[PDB]
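Counted the way the entry's author numbering counts, the sequence shown spans residues 16 to 34, 37 to 67, 69 to 125, 127 to 130, 132 to 184, 184A, 185 to 188, 188A, 189 to 204, 209 to 217, 219 to 221, 221A, 222 to 245.
C-beta: ideal position from N, C-alpha, C; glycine also.
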Amino acid sequence: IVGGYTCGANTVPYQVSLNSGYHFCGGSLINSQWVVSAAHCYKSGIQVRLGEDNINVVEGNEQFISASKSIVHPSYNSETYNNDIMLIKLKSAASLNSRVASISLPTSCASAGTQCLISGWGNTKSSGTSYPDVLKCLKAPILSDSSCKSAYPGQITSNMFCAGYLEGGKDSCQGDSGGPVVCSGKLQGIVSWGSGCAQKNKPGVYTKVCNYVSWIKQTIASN
Ligand SMILES: N=C(N)c1ccc(O[C@H]2CO[C@H]3[C@@H]2OC[C@H]3Oc2cccc(C(=N)N)c2)cc1
Ligand SMILES: [Ca+2]
């Protein structure tokens, strides 16, 4: 997260870290057994880490649970990141508490200008590299589809939206991928892609979760 702030420990209790010996992507807990992330974060051997603030220090509210299965969206395209969403099942149910909590799925899509909260353990610099160990947060509005498509001609599908600030300075970044975009209490986006981080006229691009609620619900009920 570039241009954000320190969230405060466990104030985003649905935020998970995906760990394969090290943090490599964010995710969102959507019930006691399932996490939503980006398909481009797929790998084997995932451990889900819940209740995290400092991902390098055991602070006493963590739950580390291995994934028992992963399901990449059937139509995920790795070249374009169209349909950049995946579900991960926990081998055992998480113990839900005030620091480890699910986020609701949308009942409808969010409209432009709606404010959201984006969070993650990604790079905090727009040039060069610095990784925080505590969770970072950013408030950012959904941008109009026109501004989105203009910044990225021929690349935005109906499954993508942009959020952020055209002037630059504030964005998600590498290592934030898979993490949540929450607008009015609902998981409306997933950190997906962009151009650099926090560059002018290049806002972040996010998986449009509302389009996937039927697939999510049907997939978790059958697995
Ligand atoms: N539809 C396209 N033509 C497209 C889609 C994804 C794509 O993935 C690339 C570009 O962005 C991804 C990846 O390589 C770098 C990584 O950057 C990210 C990741 C996550 C967040 C951000 C951000 N600044 N908000 C940037 C490239 C082209
Ligand atoms: Ca920790």
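### Task
For the beta strand (DSSP E) containing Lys204, list its first residue and its last residue.
204 to 215
### Task
Work out the CA separation of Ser96 and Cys157 for me, nearest whole Å.
27 Å
### Message
Whole angstroms are fine: how far does the CA of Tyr151 sit from the CA of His40?
### Response
Distance between the alpha carbons of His40 and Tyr151 is about 11 Å.
### Query
So, using beta-carbon positions, are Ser54 and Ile106 closer together than 8 Å?
yes
### Message
Could you pull the DSSP bridge partners for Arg66 from this structure?
### Response
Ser32, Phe82
### Query
Is the beta carbon of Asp71 within less than 7 Å of some heavy atom of ligand 1?
No, the Cβ of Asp71 stays beyond 7 Å of every heavy atom of ligand 1.
### Message
What I want to know is whether the C-beta of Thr149 ends up closer than 7 Å to one or more non-hydrogen atoms of ligand 1.
### Response
no
### Query
Would a C-beta distance cut-off of 8 Å place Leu33 and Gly19 closer than the cut-off?
no
### Task
Measure the C-alpha to C-alpha separation of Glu77 and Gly174 and round it to an integer number of angstroms.
45 Å
### Query
Any heavy atom of ligand 1 closer than 7 Å to the Cβ of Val213?
yes
### Supposed contact pair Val65 and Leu108 - C-beta distance, whole angstroms, cut 8 Å
Sure, about 6 Å apart at Cβ, within 8 Å.
### Among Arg117, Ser217, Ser244, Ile103, nearest to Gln210 - alpha-carbon criterion
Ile103
### Where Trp141 sits in the DSSP three-state scheme
It is coil, neither helix nor strand.
### Message
Within 10 Å of its beta-carbon, does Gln135 have 16 or more other beta-carbons around it, so buried, or fewer, so exposed?
### Response
Exposed is the call here.
### Task
Run the proximity test for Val118: is its beta-carbon closer than 7 Å to any non-hydrogen atom belonging to ligand 2?
no
### Message
As a quick check of your reading: which residues have a C-beta less than 5 Å from at least one non-hydrogen atom of ligand 1, in chain order?
### Response
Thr98, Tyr99, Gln175, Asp189, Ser190, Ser195, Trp215, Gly216, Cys220, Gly226
### Task
Pull up the CB-CB distance for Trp215 and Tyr99, whole angstroms please, since I reckon it's below 8 Å.
5 Å
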